[PDB]
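Source file: protein_8.txt (compact mmCIF, C-alpha atoms)
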# COMPACT_ATOMS: atom_id res chain seq x y z
CA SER A 160 34.17 54.27 154.44
CA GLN A 161 33.45 53.15 158.06
CA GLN A 162 33.08 49.48 156.98
CA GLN A 163 36.21 49.51 154.81
CA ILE A 164 38.15 51.02 157.76
CA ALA A 165 36.80 48.47 160.25
CA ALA A 166 38.13 45.74 157.93
CA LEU A 167 41.50 47.58 157.73
CA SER A 168 41.57 47.43 161.58
CA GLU A 169 40.64 43.70 161.52
CA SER A 170 43.45 43.25 159.01
CA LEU A 171 45.97 45.27 161.08
CA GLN A 172 45.08 43.10 164.12
CA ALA A 173 45.92 39.95 162.24
CA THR A 174 49.25 41.61 161.14
CA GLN A 175 50.05 42.47 164.75
CA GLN A 176 49.23 38.80 165.56
CA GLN A 177 51.56 37.60 162.76
CA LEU A 178 54.27 39.81 164.23
CA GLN A 179 53.67 38.27 167.69
CA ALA A 180 54.11 34.87 166.14
CA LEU A 181 57.38 36.04 164.58
CA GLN A 182 58.72 37.54 167.78
CA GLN A 183 58.01 34.17 169.42
CA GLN A 184 60.02 32.41 166.75
CA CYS A 185 62.81 34.91 167.06
CA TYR A 186 63.10 34.24 170.81
CA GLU A 187 63.49 30.63 170.10
CA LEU A 188 66.11 31.38 167.42
CA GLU A 189 68.01 33.48 169.88
CA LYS A 190 67.86 30.81 172.55
CA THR A 191 69.45 28.29 170.34
CA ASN A 192 72.03 30.67 168.97
CA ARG A 193 72.98 31.64 172.54
CA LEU A 194 73.37 28.06 173.42
CA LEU A 195 75.51 27.46 170.40
CA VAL A 196 77.80 30.26 171.36
CA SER A 197 78.24 28.71 174.78
CA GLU A 198 78.95 25.31 173.29
CA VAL A 199 81.39 26.58 170.75
CA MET A 200 83.24 28.44 173.50
CA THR A 201 83.34 25.27 175.54
CA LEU A 202 84.77 23.47 172.55
CA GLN A 203 87.37 26.14 172.12
CA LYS A 204 88.54 25.55 175.67
CA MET A 205 88.77 21.83 175.10
CA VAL A 206 90.66 22.16 171.85
CA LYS A 207 93.07 24.62 173.50
CA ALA A 208 93.64 22.14 176.24
CA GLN A 209 94.37 19.54 173.52
CA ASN A 210 96.98 21.85 172.02
CA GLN A 211 98.81 21.84 175.32
CA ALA A 212 98.50 18.08 175.71
CA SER A 213 99.86 17.65 172.18
CA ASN A 214 102.83 19.95 172.83
CA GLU A 215 103.69 18.11 176.01
CA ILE A 216 103.77 14.88 174.02
CA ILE A 217 106.11 16.48 171.50
CA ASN A 218 108.37 17.83 174.22
CA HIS A 219 108.65 14.37 175.96
CA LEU A 220 109.30 12.43 172.78
CA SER B 160 35.81 58.91 161.35
CA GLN B 161 38.94 60.74 162.49
CA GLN B 162 39.27 58.82 165.80
CA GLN B 163 39.06 55.37 164.17
CA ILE B 164 41.75 56.44 161.66
CA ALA B 165 44.01 57.94 164.34
CA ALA B 166 43.88 54.52 166.09
CA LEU B 167 44.68 52.75 162.81
CA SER B 168 47.78 54.99 162.84
CA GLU B 169 48.81 54.80 166.62
CA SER B 170 48.67 51.01 166.33
CA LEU B 171 50.89 51.25 163.26
CA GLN B 172 53.47 53.18 165.36
CA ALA B 173 53.61 50.32 167.82
CA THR B 174 54.02 47.80 164.96
CA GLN B 175 56.89 49.86 163.50
CA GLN B 176 58.46 49.90 166.92
CA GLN B 177 58.22 46.17 167.24
CA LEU B 178 59.80 45.73 163.85
CA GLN B 179 62.71 47.98 164.91
CA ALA B 180 63.12 45.81 167.98
CA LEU B 181 63.22 42.72 165.80
CA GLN B 182 65.81 44.24 163.46
CA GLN B 183 68.01 44.93 166.51
CA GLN B 184 67.66 41.38 167.67
CA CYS B 185 68.50 40.07 164.25
CA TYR B 186 71.56 42.33 164.05
CA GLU B 187 72.89 40.83 167.21
CA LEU B 188 72.36 37.38 165.76
CA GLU B 189 74.26 38.40 162.57
CA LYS B 190 77.12 39.58 164.72
CA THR B 191 77.21 36.44 166.72
CA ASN B 192 77.19 34.26 163.61
CA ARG B 193 80.20 36.18 162.27
CA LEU B 194 81.99 35.56 165.48
CA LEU B 195 81.13 31.89 165.38
CA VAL B 196 82.60 31.64 161.86
CA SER B 197 85.82 33.03 163.07
CA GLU B 198 85.96 30.71 166.05
CA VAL B 199 85.26 27.65 164.04
CA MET B 200 87.94 28.60 161.44
CA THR B 201 90.45 28.94 164.12
CA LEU B 202 89.57 25.64 165.67
CA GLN B 203 90.32 24.11 162.28
CA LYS B 204 93.68 25.71 162.31
CA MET B 205 94.52 24.42 165.79
CA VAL B 206 93.34 20.89 165.00
CA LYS B 207 95.35 20.87 161.77
CA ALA B 208 98.41 21.86 163.79
CA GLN B 209 97.73 19.09 166.31
CA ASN B 210 97.40 16.57 163.41
CA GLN B 211 100.83 17.71 162.09
CA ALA B 212 102.45 17.30 165.45
CA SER B 213 100.86 13.90 165.71
CA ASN B 214 102.14 12.85 162.27
CA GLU B 215 105.64 13.93 163.09
CA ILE B 216 105.56 11.68 166.09
CA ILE B 217 104.27 8.82 163.91
CA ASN B 218 106.80 9.38 161.10
CA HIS B 219 110.17 9.75 162.79
CA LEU B 220 109.71 7.96 166.03
CA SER C 160 41.31 63.58 155.94
CA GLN C 161 42.12 62.14 152.63
CA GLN C 162 45.10 63.59 154.57
CA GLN C 163 44.87 61.16 157.51
CA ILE C 164 44.65 58.30 155.05
CA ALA C 165 47.59 59.53 152.96
CA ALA C 166 49.70 59.49 156.17
CA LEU C 167 48.51 56.01 156.98
CA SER C 168 49.69 54.97 153.50
CA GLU C 169 53.03 56.71 153.99
CA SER C 170 53.26 54.78 157.24
CA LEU C 171 52.31 51.32 155.97
CA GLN C 172 54.91 51.74 153.15
CA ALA C 173 57.63 52.38 155.69
CA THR C 174 56.52 49.28 157.65
CA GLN C 175 56.69 47.19 154.51
CA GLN C 176 60.17 48.63 153.98
CA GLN C 177 61.17 47.71 157.56
CA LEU C 178 60.02 44.21 156.82
CA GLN C 179 62.19 44.14 153.68
CA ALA C 180 65.15 45.22 155.76
CA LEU C 181 64.45 42.41 158.21
CA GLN C 182 64.21 39.87 155.32
CA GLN C 183 67.66 41.17 154.21
CA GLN C 184 68.95 40.45 157.70
CA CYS C 185 67.53 36.97 157.64
CA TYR C 186 69.28 36.33 154.27
CA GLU C 187 72.52 37.34 155.86
CA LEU C 188 71.90 34.87 158.72
CA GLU C 189 71.18 32.13 156.21
CA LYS C 190 74.44 32.81 154.48
CA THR C 191 76.51 32.62 157.59
CA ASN C 192 74.61 29.56 158.90
CA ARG C 193 75.46 27.85 155.62
CA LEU C 194 79.07 28.72 156.19
CA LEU C 195 78.91 27.39 159.69
CA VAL C 196 77.32 24.12 158.65
CA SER C 197 80.13 23.59 156.13
CA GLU C 198 82.88 24.62 158.34
CA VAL C 199 81.72 22.67 161.35
CA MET C 200 81.51 19.55 159.18
CA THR C 201 85.09 20.16 158.01
CA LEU C 202 86.17 20.54 161.59
CA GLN C 203 84.58 17.17 162.37
CA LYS C 204 86.67 15.57 159.64
CA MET C 205 89.80 17.06 161.00
CA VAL C 206 89.09 16.03 164.59
CA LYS C 207 88.36 12.47 163.40
CA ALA C 208 91.67 12.47 161.53
CA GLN C 209 93.24 13.45 164.84
CA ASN C 210 91.60 10.58 166.57
CA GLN C 211 93.12 8.22 163.94
CA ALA C 212 96.51 9.77 164.36
CA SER C 213 96.14 9.31 168.12
CA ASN C 214 95.26 5.65 167.79
CA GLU C 215 98.20 4.99 165.50
CA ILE C 216 100.47 6.46 168.13
CA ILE C 217 98.87 4.20 170.72
CA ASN C 218 99.45 1.14 168.50
CA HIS C 219 103.15 2.01 168.00
CA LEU C 220 103.41 2.18 171.81
CA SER D 160 38.60 57.52 148.92
CA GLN D 161 37.38 53.91 148.41
CA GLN D 162 40.31 53.43 146.03
CA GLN D 163 42.95 54.64 148.50
CA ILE D 164 41.56 52.20 151.06
CA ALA D 165 41.51 49.30 148.61
CA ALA D 166 45.27 49.96 148.05
CA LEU D 167 45.78 49.99 151.87
CA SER D 168 44.15 46.56 151.90
CA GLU D 169 46.31 45.34 149.03
CA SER D 170 49.26 46.52 151.04
CA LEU D 171 48.26 45.06 154.45
CA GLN D 172 47.80 41.63 152.76
CA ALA D 173 51.29 41.78 151.34
CA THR D 174 52.67 42.72 154.79
CA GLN D 175 50.91 39.71 156.32
CA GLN D 176 52.50 37.65 153.52
CA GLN D 177 55.95 39.10 154.26
CA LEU D 178 55.47 38.24 157.92
CA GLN D 179 54.62 34.65 157.00
CA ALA D 180 57.73 34.47 154.82
CA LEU D 181 59.84 35.78 157.67
CA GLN D 182 58.38 33.23 160.11
CA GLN D 183 59.31 30.50 157.67
CA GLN D 184 62.83 31.82 157.32
CA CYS D 185 63.27 32.06 161.07
CA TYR D 186 62.01 28.48 161.49
CA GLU D 187 64.61 27.24 159.08
CA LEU D 188 67.33 29.27 160.82
CA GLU D 189 66.39 27.74 164.14
CA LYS D 190 66.48 24.23 162.69
CA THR D 191 69.95 24.87 161.44
CA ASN D 192 71.06 26.29 164.80
CA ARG D 193 69.77 23.06 166.47
CA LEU D 194 71.78 21.04 164.10
CA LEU D 195 74.88 23.08 164.74
CA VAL D 196 74.46 22.71 168.57
CA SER D 197 74.32 18.98 168.08
CA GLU D 198 77.29 18.82 165.89
CA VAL D 199 79.37 21.02 168.27
CA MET D 200 78.40 18.76 171.16
CA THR D 201 79.54 15.73 169.16
CA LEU D 202 82.84 17.62 168.57
CA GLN D 203 83.17 18.06 172.29
CA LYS D 204 82.74 14.33 172.89
CA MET D 205 85.42 13.60 170.27
CA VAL D 206 87.88 16.11 171.72
CA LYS D 207 87.37 14.62 175.20
CA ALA D 208 88.12 11.20 173.80
CA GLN D 209 91.28 12.73 172.26
CA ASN D 210 92.27 13.98 175.67
CA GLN D 211 92.01 10.37 176.95
CA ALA D 212 94.05 9.08 174.05
CA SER D 213 96.60 11.83 174.83
CA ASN D 214 96.66 10.39 178.33
Rendering of file as structure tokens:
Amino acid sequence: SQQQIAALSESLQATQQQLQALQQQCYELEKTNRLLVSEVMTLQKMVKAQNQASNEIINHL
Amino acid sequence: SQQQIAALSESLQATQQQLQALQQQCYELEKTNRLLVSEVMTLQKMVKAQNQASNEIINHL
Amino acid sequence: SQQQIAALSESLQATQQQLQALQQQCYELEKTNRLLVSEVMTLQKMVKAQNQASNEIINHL
Amino acid sequence: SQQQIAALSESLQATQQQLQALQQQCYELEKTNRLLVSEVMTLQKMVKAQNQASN
């Protein structure tokens, strides 16, 4: 019993360590996804601006 | 004995909590991806429109 | 205290289930990433096509 | 029970395996996000160039 339960605690420690590794990964995933949001929103602005530039061309044909 | 096994459990509470935290993080990433999809589809639509306006210039003029 | 250990088993089952829920979330992120990869590549095509349309205008000026 | 505790161990190993699988998934998701960030930045460069052609 005591020995089996010590090994269960060794095994739960390694699980907690695996979860720490996963949280780390998830932070990095979030970082990049946040960045992507910010870049896509920048693109949106630039494409919008291009709409207006296009229309102006049309209207001065 | 009972103390060792209570700790096996009180550690498991903290693990479960961490997992809940990770599920929340991942939900927010799921949301953000859905939003990105929408943005990108609309950019397509705007660029398409700009291409049409361009072509009209090319064709008639 | 077979009792304590039954509750630990109840508890590790729920954790495993939390992990399954998180894997489900990650599948959903994969799906939408795949959509994004595709759609962003389509947007790149369209924006290129715009660039060609632009140039043609320039040449006819 | 020795048996109950062997099944706990069977279960903790599978959890550790699940966590490894999830780490792999999240790696691949991050790779794809990096690719997307690159491609969106290339799209920005192209749209800027379009602005200059517009001008």
Coordinates of chain B after Cα superposition on chain A, as a PDB file with C-alpha atoms, in the frame of the given file:
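File part.pdb, as written:
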ATOM      1  CA  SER B 160      32.025  54.066 155.639  1.00  0.00           C
ATOM      2  CA  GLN B 161      32.040  52.191 158.946  1.00  0.00           C
ATOM      3  CA  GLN B 162      32.326  48.705 157.359  1.00  0.00           C
ATOM      4  CA  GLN B 163      35.338  49.609 155.187  1.00  0.00           C
ATOM      5  CA  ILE B 164      37.075  51.063 158.277  1.00  0.00           C
ATOM      6  CA  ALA B 165      36.233  48.062 160.473  1.00  0.00           C
ATOM      7  CA  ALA B 166      37.951  45.879 157.815  1.00  0.00           C
ATOM      8  CA  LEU B 167      40.966  48.211 157.770  1.00  0.00           C
ATOM      9  CA  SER B 168      41.100  47.431 161.512  1.00  0.00           C
ATOM     10  CA  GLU B 169      40.351  43.581 161.506  1.00  0.00           C
ATOM     11  CA  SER B 170      43.126  43.180 158.936  1.00  0.00           C
ATOM     12  CA  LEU B 171      45.414  45.163 161.225  1.00  0.00           C
ATOM     13  CA  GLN B 172      44.669  42.647 164.037  1.00  0.00           C
ATOM     14  CA  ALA B 173      45.859  39.825 161.830  1.00  0.00           C
ATOM     15  CA  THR B 174      49.030  41.783 160.932  1.00  0.00           C
ATOM     16  CA  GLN B 175      49.745  42.405 164.636  1.00  0.00           C
ATOM     17  CA  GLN B 176      49.277  38.720 165.236  1.00  0.00           C
ATOM     18  CA  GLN B 177      51.714  37.816 162.531  1.00  0.00           C
ATOM     19  CA  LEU B 178      54.254  40.203 163.956  1.00  0.00           C
ATOM     20  CA  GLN B 179      53.871  38.564 167.394  1.00  0.00           C
ATOM     21  CA  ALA B 180      54.478  35.217 165.740  1.00  0.00           C
ATOM     22  CA  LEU B 181      57.620  36.569 164.124  1.00  0.00           C
ATOM     23  CA  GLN B 182      58.909  37.993 167.412  1.00  0.00           C
ATOM     24  CA  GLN B 183      58.474  34.526 168.965  1.00  0.00           C
ATOM     25  CA  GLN B 184      60.390  32.937 166.159  1.00  0.00           C
ATOM     26  CA  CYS B 185      63.150  35.468 166.472  1.00  0.00           C
ATOM     27  CA  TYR B 186      63.337  34.915 170.236  1.00  0.00           C
ATOM     28  CA  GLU B 187      63.947  31.264 169.682  1.00  0.00           C
ATOM     29  CA  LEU B 188      66.707  32.126 167.247  1.00  0.00           C
ATOM     30  CA  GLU B 189      68.295  34.487 169.841  1.00  0.00           C
ATOM     31  CA  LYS B 190      68.233  31.677 172.351  1.00  0.00           C
ATOM     32  CA  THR B 191      69.776  29.238 169.997  1.00  0.00           C
ATOM     33  CA  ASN B 192      72.554  31.650 169.054  1.00  0.00           C
ATOM     34  CA  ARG B 193      73.403  32.084 172.747  1.00  0.00           C
ATOM     35  CA  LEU B 194      73.620  28.380 173.104  1.00  0.00           C
ATOM     36  CA  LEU B 195      75.823  28.103 170.057  1.00  0.00           C
ATOM     37  CA  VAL B 196      78.214  30.686 171.550  1.00  0.00           C
ATOM     38  CA  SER B 197      78.572  28.631 174.618  1.00  0.00           C
ATOM     39  CA  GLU B 198      79.168  25.440 172.682  1.00  0.00           C
ATOM     40  CA  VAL B 199      81.766  26.947 170.475  1.00  0.00           C
ATOM     41  CA  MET B 200      83.620  28.464 173.493  1.00  0.00           C
ATOM     42  CA  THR B 201      83.759  25.149 175.101  1.00  0.00           C
ATOM     43  CA  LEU B 202      85.041  23.455 172.010  1.00  0.00           C
ATOM     44  CA  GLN B 203      87.897  25.951 172.106  1.00  0.00           C
ATOM     45  CA  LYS B 204      88.642  24.951 175.612  1.00  0.00           C
ATOM     46  CA  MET B 205      88.697  21.237 174.787  1.00  0.00           C
ATOM     47  CA  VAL B 206      90.886  21.733 171.715  1.00  0.00           C
ATOM     48  CA  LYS B 207      93.305  23.891 173.706  1.00  0.00           C
ATOM     49  CA  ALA B 208      93.545  21.087 176.257  1.00  0.00           C
ATOM     50  CA  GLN B 209      94.179  18.539 173.501  1.00  0.00           C
ATOM     51  CA  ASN B 210      96.945  20.814 172.071  1.00  0.00           C
ATOM     52  CA  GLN B 211      98.589  20.923 175.548  1.00  0.00           C
ATOM     53  CA  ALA B 212      98.499  17.188 175.896  1.00  0.00           C
ATOM     54  CA  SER B 213      99.951  16.913 172.436  1.00  0.00           C
ATOM     55  CA  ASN B 214     102.781  19.344 173.246  1.00  0.00           C
ATOM     56  CA  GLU B 215     103.674  17.477 176.377  1.00  0.00           C
ATOM     57  CA  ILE B 216     104.087  14.365 174.324  1.00  0.00           C
ATOM     58  CA  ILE B 217     106.271  16.288 171.849  1.00  0.00           C
ATOM     59  CA  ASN B 218     108.403  17.979 174.533  1.00  0.00           C
ATOM     60  CA  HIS B 219     109.396  15.239 176.953  1.00  0.00           C
ATOM     61  CA  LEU B 220     109.166  12.141 174.889  1.00  0.00           C
TER      62      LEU B 220
END
Please report as a list in words which residues of chain A come no farther than 6 Å from chain D, using only C-alpha atoms.
-> residues 174, 181, 188, 195 and 202 of chain A
Per residue of chain B within 8 Å of chain C, which atom pair is closest and at what distance in Å (one decimal), using only C-alpha atoms, listed by chain and increasing number, as CSV?
residue,atom,partner,partner_atom,distance
B:161,CA,C:160,CA,7.5
B:164,CA,C:163,CA,7.0
B:165,CA,C:163,CA,7.6
B:167,CA,C:167,CA,7.7
B:168,CA,C:167,CA,6.0
B:171,CA,C:170,CA,7.4
B:174,CA,C:174,CA,7.9
B:175,CA,C:174,CA,5.9
B:178,CA,C:177,CA,6.7
B:179,CA,C:177,CA,7.5
B:181,CA,C:181,CA,7.7
B:182,CA,C:181,CA,5.7
B:185,CA,C:184,CA,6.6
B:186,CA,C:184,CA,7.1
B:188,CA,C:188,CA,7.5
B:189,CA,C:188,CA,5.7
B:192,CA,C:191,CA,6.3
B:193,CA,C:191,CA,6.9
B:195,CA,C:195,CA,7.6
B:196,CA,C:195,CA,6.0
B:199,CA,C:199,CA,6.7
B:200,CA,C:198,CA,7.1
B:202,CA,C:202,CA,7.4
B:203,CA,C:202,CA,5.5
B:206,CA,C:206,CA,6.5
B:207,CA,C:205,CA,6.8
B:209,CA,C:209,CA,7.4
B:210,CA,C:209,CA,5.4
B:213,CA,C:212,CA,6.1
B:214,CA,C:212,CA,6.7
B:216,CA,C:216,CA,7.6
B:217,CA,C:216,CA,6.1
Gap from atom CA of residue 162 of chain B to atom CA of residue 176 of chain C - Å, one decimal |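 Atom-to-atom, atom CA of residue 162 of chain B and atom CA of residue 176 of chain C are spaced 26.1 Å apart.
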Output, as AutoDock Vina command-line options, the centre and edge lengths in Å (one decimal) of the axis-aligned box that contains all listed atoms of segment 165-171 of chain C with 3 Å of margin on each side.
--center_x 50.4 --center_y 55.4 --center_z 155.1 --size_x 11.7 --size_y 14.2 --size_z 10.3
To one decimal in Å, tell me the separation between atom CA of residue 220 of chain C and atom CA of residue 220 of chain B.
->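 Answer for the atom CA of residue 220 of chain C to atom CA of residue 220 of chain B separation: 10.3 Å.
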What is the distance, in Å and to one decimal place, between atom CA of residue 169 of chain B and atom CA of residue 169 of chain A?
-> 14.7 Å
